[PDB]
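Participant: Let me begin by handing over the structure; questions about it come next.
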There are 2 protein chains.
Amino acid sequence: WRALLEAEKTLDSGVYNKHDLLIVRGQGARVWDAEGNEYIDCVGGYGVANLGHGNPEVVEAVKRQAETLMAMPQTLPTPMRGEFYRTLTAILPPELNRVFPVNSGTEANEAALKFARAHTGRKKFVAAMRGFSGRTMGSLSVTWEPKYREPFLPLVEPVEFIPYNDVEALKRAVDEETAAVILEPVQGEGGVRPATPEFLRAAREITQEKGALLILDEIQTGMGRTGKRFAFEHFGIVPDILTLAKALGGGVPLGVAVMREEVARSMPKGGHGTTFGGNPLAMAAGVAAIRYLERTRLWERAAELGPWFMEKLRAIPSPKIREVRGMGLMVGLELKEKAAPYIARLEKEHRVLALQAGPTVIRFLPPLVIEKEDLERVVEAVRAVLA
Amino acid sequence: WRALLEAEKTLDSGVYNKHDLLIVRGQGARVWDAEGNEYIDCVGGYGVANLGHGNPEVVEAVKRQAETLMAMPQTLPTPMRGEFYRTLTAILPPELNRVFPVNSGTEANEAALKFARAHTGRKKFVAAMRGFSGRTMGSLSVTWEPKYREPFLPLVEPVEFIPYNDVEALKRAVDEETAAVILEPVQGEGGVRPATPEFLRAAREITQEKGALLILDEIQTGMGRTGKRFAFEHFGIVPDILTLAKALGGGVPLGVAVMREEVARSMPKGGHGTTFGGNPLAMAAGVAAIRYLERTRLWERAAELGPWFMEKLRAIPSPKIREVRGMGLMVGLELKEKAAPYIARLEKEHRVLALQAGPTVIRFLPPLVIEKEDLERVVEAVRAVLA
Ligand SMILES: CC(=O)N[C@@H](CCCNCc1c(COP(=O)(O)O)cnc(C)c1O)C(=O)O
Ligand SMILES: CC(=O)N[C@@H](CCCNCc1c(COP(=O)(O)O)cnc(C)c1O)C(=O)O
């Protein structure tokens, strides 16, 4: 197995910080390396494995569809597509009744940004500082992190960034020339920073007032992650465009921009598209994923465990800890120093896999099926490495 | 079944022209609608089913990897990824030895454009008229079709288009300002237009002389479609970045940007990325797809049937036929009127699903495993419908 690791490391583009280990398989919220070591996976593929590694129903759906049909374009209707369509819209407010399936989060936002422009005839986009929307050039344009943007300038214009949760700043940025505002109900890559009810409320009201669209990015907070099916249910607001990805396919590269009918209706024929978007395999996976989510109301696990976990974290007697924040099982542990050293130690010394969300934040995105015994172990592990 | 169709038609964004039928399963180059009818699939997942619908090896690989692990990021090495990397670079010339995996063709080109700006420090992009690179804002900027860009402007600048196959045009276009040239060895969406040896040759020579990068988009021409493993093999040139997708994963959403190490090396850590890009499910399907292609040298079938198919089409006695062209099984039949009505007859009266490559061109992108008898049947259907 040493050869594969070296092959991946050597042949990789080199843009990634790869860890010295080879993960071979997973079940639930546990994963194993090539040497047999077992790990608690709070990385869960960056919040993709919400339903847990090896979710039977999803796996089964993927097997049966792979045998039946995998390649079929949007020009040729195929059963799983129609099913995914009504299956996804049925768990959303009736207003969001139109879907443009894609293959990733960045593509979903790319779709949002484009439909927004075709519909309004406006060009400007408003986003929040420390907001992450994707790496493709359109999505990168509304992505704040300067170092992620500067080397590839110029990108799509014009875009205006406003401090996250700053209601008055939002109010002043959005005008009649604004095509849309794009925000995350809880900023992920930006440190796990939950939106305030007033901020999102303001974002909703402002946009309708100026004729701008509201694009809510639930690519990371979606699929029960925050405690409810979607975090926008926490704020009582309903967007014009909702973008989803990650856990949407239960692992299969899947994403979608769901929007109001008048919005989708303004898009000219052949005005946008995608080869893979809406393929039968991804459609069969999403159907399965959504049905498991709803059948088990998996968001409840996150609502119950999220608080308990964060409470334990806030109990760790360590002066290096600034704050414990998040919603559901989307948690961030902000330290008063670099988080990287501790993450490396959680892995090597405690077989615990965690992510970052900015240099001083240890982020936890465990499969929602994770058990309380593993949560206590994570806490213990953290207390340990910080001592 | 009628429920699932109206549902798909009704809940879709509406940017696609959908055919009146519902495809349920496929095998080889045959597909079945919901009423039990069988079709010869000249659409092939839109050039994605090169290895045949239901290809045993790919299906098998997907089923087994789905049971093992599907979600795992680029920061955590995983066996199938390491394998995909070495298996892919192994079927390519030695200069293309670095891999940046993604989830679609457009993502592939976006990464190509980005790595190009990061490497040359330049900004200008040169593309060809009738060229197609993708729908995401970045790829859309180097895509020709005015009506595809028109309503989404302003996009990424600065971009210069030159007439396809115009050597002197391209030469005057590429300067010390150019980060890269992006071209398809054979324009697909642009109506199936093969490059000439002299043109691609100049693109390689000019780019090197001027220090700009050559991006060869083989997303549609790749994986044996034109008669050889990759279309560049016909021309004896090696680009700086090679973008793939469509058939690369036997059906599973997958694409990739393969580049020379100096180009990969210039990308700052975390300068680019993707959640799904390089996921184990796609990596395992990509290994299987390539092994199958290499074991059967599948491209020889296109190389053998392609010319034999194109001459059969040309020999049709219809004054409506203008020209027949293509490479291997990437074929386009241009008529002296609108194709759409004819494609409709092909479907309704002959159970033959085909595509367009512009309003007057019928395009064929059949699985490479298609039988000769099925191609003979196709020709008869075309002759019949044009009477
Ligand atoms: C039915 C549909 O949606 N059609 C797509 C087109 C699909 C086929 N072309 C893809 C393609 C692409 C874009 O690849 P992707 O994102 O569709 O996977 C890039 N380069 C070349 C040479 C290509 O042929 C569209 O209109 O956007
Ligand atoms: C190491 C790596 O590749 N990580 C990615 C980031 C992954 C997680 N973020 C995804 C994301 C995206 C982009 O989605 P996708 O293309 O990765 O599927 C959009 N919106 C929100 C709220 C998101 O959280 C990167 O560095 O580009």
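The chain as shown is numbered from 1 upward.
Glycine is no exception: its Cβ is also placed from the backbone N, Cα and C atoms.
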Participant: Among B:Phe84, B:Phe125, B:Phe132, which residue does Swiss-Prot annotate as binding pyridoxal 5'-phosphate at the site that also has B:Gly105, B:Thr106, B:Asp217, B:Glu218, B:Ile219, B:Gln220, B:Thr275?
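Facilitator: Record check against Swiss-Prot: pyridoxal 5'-phosphate site with B:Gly105, B:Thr106, B:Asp217, B:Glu218, B:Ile219, B:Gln220, B:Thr275, extra candidate from B:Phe84, B:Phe125, B:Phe132 is B:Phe132.
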Participant: Listed recorded positions: B:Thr106, B:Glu218, B:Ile219, B:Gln220, B:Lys246. Which have a CB under 6 angstroms from an atom of ligand 2?
Facilitator: none
Participant: Would you mind listing, in sequence order, any of the binding-site residues B:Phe132, B:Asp217, B:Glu218, B:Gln220 that have a CB less than 8 A from a CB of chain A?
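Facilitator: The binding-site residues close to chain A: there are none.
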Participant: Of all the recorded positions given, namely B:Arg135, B:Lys246, B:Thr274, which is spatially nearest to B:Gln220 (pyridoxal 5'-phosphate binding site) at the Cα level?
Facilitator: B:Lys246
Participant: Running a distance check here. Ligand 1 versus the binding-site residues B:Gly105, B:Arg135, B:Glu218, B:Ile219, B:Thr274, B:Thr275: which have CB less than 6 Å from one of its atoms?
Facilitator: B:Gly105, B:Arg135, B:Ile219
Participant: Closest to B:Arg135 (substrate binding site): which of the binding-site residues B:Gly105, B:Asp217, B:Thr275, going by Cα position?
Facilitator: B:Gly105
Participant: Which one is it: of the recorded positions B:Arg135, B:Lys246, which Cβ has the fewest other Cβ atoms within 10 Å in this structure?
Facilitator: B:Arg135
Participant: Tell me, how many other CB atoms lie within 10 A of the CB of B:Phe132 (pyridoxal 5'-phosphate binding site), whichever protein chain they belong to?
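Facilitator: Here the count is 25.
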Participant: Among B:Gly105, B:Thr106, B:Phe132, B:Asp217, B:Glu218, B:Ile219, B:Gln220, B:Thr275, listed as contacts of pyridoxal 5'-phosphate, what is the widest Cα spread in Å, to the nearest whole number?
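Facilitator: The widest Cα-Cα gap among those binding residues is 25 Å.
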